[PDB]
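Okay, so here's the structure we're looking at.
Taken together, the values in this text are just the output of simple stated rules run on the coordinates, not laboratory data. Here the Cβ is made from the backbone with ideal geometry for all residues, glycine too, and neighbour counts use every protein chain on show.
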Amino acid sequence: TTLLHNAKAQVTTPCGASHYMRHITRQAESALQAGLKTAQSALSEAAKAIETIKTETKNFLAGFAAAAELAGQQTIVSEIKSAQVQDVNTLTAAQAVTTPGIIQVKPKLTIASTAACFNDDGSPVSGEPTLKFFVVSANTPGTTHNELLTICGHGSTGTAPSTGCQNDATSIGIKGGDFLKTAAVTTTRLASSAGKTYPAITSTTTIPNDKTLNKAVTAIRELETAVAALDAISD
Amino acid sequence: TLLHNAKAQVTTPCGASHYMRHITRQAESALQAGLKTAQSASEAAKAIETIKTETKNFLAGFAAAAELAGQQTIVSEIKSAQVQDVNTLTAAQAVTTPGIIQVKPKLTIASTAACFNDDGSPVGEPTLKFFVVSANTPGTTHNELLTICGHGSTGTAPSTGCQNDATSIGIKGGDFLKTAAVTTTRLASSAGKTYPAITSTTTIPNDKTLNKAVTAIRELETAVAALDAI
């Protein structure tokens, strides 16, 4: 039998989650090839093999596409989680509100120098199965001086917020920080009255959201049954 | 089998994701037909041999098209990211609790599956179009986006117009990202028909991610064509 899920994989990062999904597609492909080869060697048993492959193609390709789509989503999640507001040094308040010294909210991203989640040479960089995905939402700003994502006060113009903001509005800058908050969501397959099933993911205010994730997991489940039916050909 | 929706006008990231899914739906129909022919009945052996030799290229480009669809789905959601406007406040109270002026991240979260409605329906040489995001550029003087907002009157919304006046201070917000389209059109040359390399080194996704997927999509096109012959 073909093991779609990698037991020796510990998903702890978005890039890890994307490689786990790609592993599903690689394993799904091997099961399809073996079914194709079994029907090819039988050239009746070849008629029922081709029949099983054709009947399961819709379920196979829908879940294959869903695993790939989830790998794509996690790849973008792994890049966007780096989004930050940059610190800006304080400036005497009268000059901080107009040209040439206006204090700016500066977006910044950290862009991979390779294909995201991959090395330059092309290699990856990261019981019932568990599907784990990472999701983003708006970060929560601070609520007092010297906390993230706030206007930074200091008695001395020119001060870097990293050295400590004060309750002092003589000069003002910006203490930056992460624009997003990243969290994991998980669903662990379990035996159901008629087979196996994934509990729903709850994540209503994130990117991706749970409607997007649950739709894809449902299709991954159809890939798993399609692969099991494919393994039954050579068994 | 026509993998490419010729009558598609891709102008949004969600439209780009649906174009990618059209490719996968068309690719499926080519394999299904190829399997239906094989079901009928050495000819049966010929089809199987093809379907098998081309499965590797087929699933590689199929996965790349669906991967790109997943990437464009997130692009369509995060492109909503903004820094919120914050009303001005007397400067001495603006630097500490409880009035501290905050840089407030904000997203717009789809209430459905992104790029789909509740019912589940979607919301020449071919061209592949994708949308990418990059850091937005802040303004350089008062009342321009992504700057501290001065005003003479405390409690003033920045939409009233920021001034060269630091009596009260707030935040003039705006989009956190800029979103632009990248494209590549299949080109006839002595190399056959190939998609030119995209250059985009400062965006999410970047060109190395995109160019790798595009190369695989070209291999899908070649696989669908061989599947059509049988």
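Quick notes
- More than 16 Å apart - percent of Cα-Cα pairs taken over region B:121-161: 63
- For B:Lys193, the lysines whose Cα comes closer than 18 Å to its Cα, not counting residues fewer than 8 places off in the same chain, are B:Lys129, B:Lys212.
- For region B:13-229, a crude dipole built from +1 on the beta carbon of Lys and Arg and -1 on the beta carbon of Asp and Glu, taken about the Cα centre, is about 260 debye to the nearest 20.
- Greater than 29 Å apart at Cα, pairs in A:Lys215/B:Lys104; A:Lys181/B:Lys208; A:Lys132/B:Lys208; A:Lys108/A:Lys132: A:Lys215/B:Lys104
- Each label point was placed 7 Å from the Cα along the Cα-to-Cβ direction; for A:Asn167 and A:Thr114 their separation is 5.0 nm.
- Cα gyration tensor shape for region B:110-230, rounded if a/c is under 1.5, else prolate or oblate: prolate
- Per-q log10 I(q)/I(0), region B:13-229, q = 0.08, 0.14, 0.18 Å⁻¹ (Debye; single scatterer per alpha-carbon; no solvent): -0.47, -0.92, -1.18
- Unit charges on C-beta of K, R, D, E only; dipole of region B:138-230, Debye: 220
- About its Cα centre, the dipole of the protein assembly as shown is roughly 140 debye, where the only charges are +1 on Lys and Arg Cβ and -1 on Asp and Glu Cβ.
- Average silhouette area of the protein assembly as shown, convex hull of alpha-carbon atoms, in square nanometres: 26.1
- The local environment of A:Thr197, defined by Cβ-Cβ distances under 9 Å, has a net charge of +3 under the rule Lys, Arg +1 and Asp, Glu -1.
- Ranking A:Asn119, B:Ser76, A:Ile233 by how far each Cα lies toward the positive end of the dipole of the protein assembly as shown (charges on Cβ) leaves A:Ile233 at the top.
- Efficiency of FRET between B:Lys36 and B:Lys106 - r from beta-carbon atoms, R0 45 angstrom, step 0.05: 0.30
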